[PDB]
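Presented as structure tokens, the chain that follows is alone, the form deposited without the RNA.
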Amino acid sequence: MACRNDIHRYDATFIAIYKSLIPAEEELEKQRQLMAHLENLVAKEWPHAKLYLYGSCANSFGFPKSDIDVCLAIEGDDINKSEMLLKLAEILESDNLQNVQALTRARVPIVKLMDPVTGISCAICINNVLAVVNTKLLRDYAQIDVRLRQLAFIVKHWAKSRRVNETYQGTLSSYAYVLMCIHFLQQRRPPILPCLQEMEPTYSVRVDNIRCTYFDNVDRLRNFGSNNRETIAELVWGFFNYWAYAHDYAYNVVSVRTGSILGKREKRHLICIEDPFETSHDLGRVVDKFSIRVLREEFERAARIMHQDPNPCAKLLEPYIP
């Protein structure tokens, strides 16, 4: 079925929505100022350590928030994460940072602080390097074509407004939605995004028993999508059209790792979204036989709105009221 013939009248509204959703430059400047100070602070105690932002705050797909997540990466065979973080908390307190707290996430130790200069809060963990590498991959994809961050911010805001962005309710994580957006753009013809992991690699690190290898010199790919003329409203329409009507839920796996559709049957997997490095991890495994129906009804609602509604941008994002 074809796209509506007035689709481009809604391009500018989607761009306006996108621009309202991304972090303000003034907030990003504050985050970069705090990061430089924290990097210098940690280096005074552990000159061989490195600090990396990860998560929503650095993969180029995070909504505005006064919180950052940082991985302290350090090599060694006897890394005692608790002892390191206790020492770090003491150093942070000596530095006049505020509300320094020792926390845990599912037995993983975390130190949180509030910077009184910038007002930004920061949570630090030790050696969560796979999350850093996942973040790097997404940030690298985001450099290739502006339509990725535009689509992903719109999809993430749709999922928040429609209340289908909570894994505890059997719906999808923001990370899952970004992978879906990357794969949708890999699948366009002409393509908008390449498959970085299928290219001759320039980057390769091993995290535990996971090797992470791909072409990361993405500045050379800034014209990769230039043959594709699809605009943001066409891509929003096409994305929900794909998940509502075209995706084969019984048989297919979406794989950013290959840029392609893999088979499910030979390997809870009701909406199969392959993690690009931890390929045994299906990001949709949180979905169950009930929440898959809610997800697909919302996909269908979105596709019908994009296809027929006279104000699709506003109607698409109308909040779900329980």
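Only residues modelled in both forms are compared. For the two forms, the rigid core is made up of the largest set of C-alpha atoms that agree within 1.5 Å on superposition. Position 1 is the first residue in the sequence shown; the rest follow in order.
Beyond the structure shown, there is the form solved in complex with the RNA, which is absent from this document and is the topic of what follows.
Asks: Decide whether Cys212 counts as a contact residue for the RNA in the entry with it bound under a heavy atom distance cut-off of 4.5 Å.
Replies: The answer is no: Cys212 has no heavy atom within 4.5 Å of the RNA.
Asks: Is there any non-hydrogen atom of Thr135 lying within 4.5 Å of the RNA in the entry with it bound?
Replies: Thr135: yes, in contact with the RNA in the entry with it bound.
Asks: Do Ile110 and the RNA come within 4.5 Å of each other in the entry with it bound, heavy atoms counted?
Replies: Residue-level check for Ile110: yes, a contact with the RNA.
Asks: Any chance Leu103 has a heavy atom within 4.5 Å of the RNA in the entry with it bound?
Replies: So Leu103 counts as contacting the RNA.
Asks: State the residue from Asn241, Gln197, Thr167, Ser121 whose non-hydrogen atoms include one within 4.5 Å of the RNA in the entry with it bound.
Replies: Filtering the options by heavy-atom distance leaves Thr167.
Asks: Could you work out which of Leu283, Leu295, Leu38, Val254 is the residue within 4.5 angstroms of the RNA in the entry with it bound, going by heavy atoms?
Replies: Filtering the options by heavy-atom distance leaves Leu283.
Asks: Can you check 54 to 62, 38 to 46, 255 to 263, 25 to 33 and let me know which stretch has heavy atoms within 4.5 Å of the RNA in the entry with it bound?
Replies: Contact-bearing stretch, as computed: 54 to 62.
Asks: Following superposition of the rigid core, which of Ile144, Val236, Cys122, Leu196 is the only residue with a C-alpha displacement of 2 Å or more between the shown form and the other one?
Replies: The residue that shifts is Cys122.
Asks: Taking the rigid core as reference, does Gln33 move its C-alpha 2 Å or further between the shown form and the other one?
Replies: After core superposition, the C-alpha of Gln33 moves 2 Å or more between the shown form and the other one.
Asks: Compare the position of the CA of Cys212 between the shown form and the other one after a rigid core fit and state whether the shift reaches 2 Å.
Replies: Superposed on the core, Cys212 moves its C-alpha less than 2 Å between the shown form and the other one.
Asks: Return yes or no for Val108: a CA shift of at least 2 Å between the shown form and the other one, with the rigid core superposed?
Replies: Moves: yes, 2 Å or greater.
Asks: Look at the CA atoms of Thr135 and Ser66: state whether they lie closer or farther apart in the entry with it bound than in this form, given a difference of 3 Å or more.
Replies: Pair moves closer in the entry with it bound.
Asks: Between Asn40 and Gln143, does the Cα distance in the entry with it bound come out closer or farther than in this form, changing by 3 Å or more?
Replies: More distant in the entry with it bound, by 3 Å or more.
Asks: I need the moving stretches between the shown form and the other one: superpose on the rigid core, then report runs of 3+ consecutive residues where each CA shifts by 2 Å or more, in sequence order.
Replies: Once the cores are aligned, runs 25 to 53, 66 to 128 are those whose C-alphas move by at least 2 Å.
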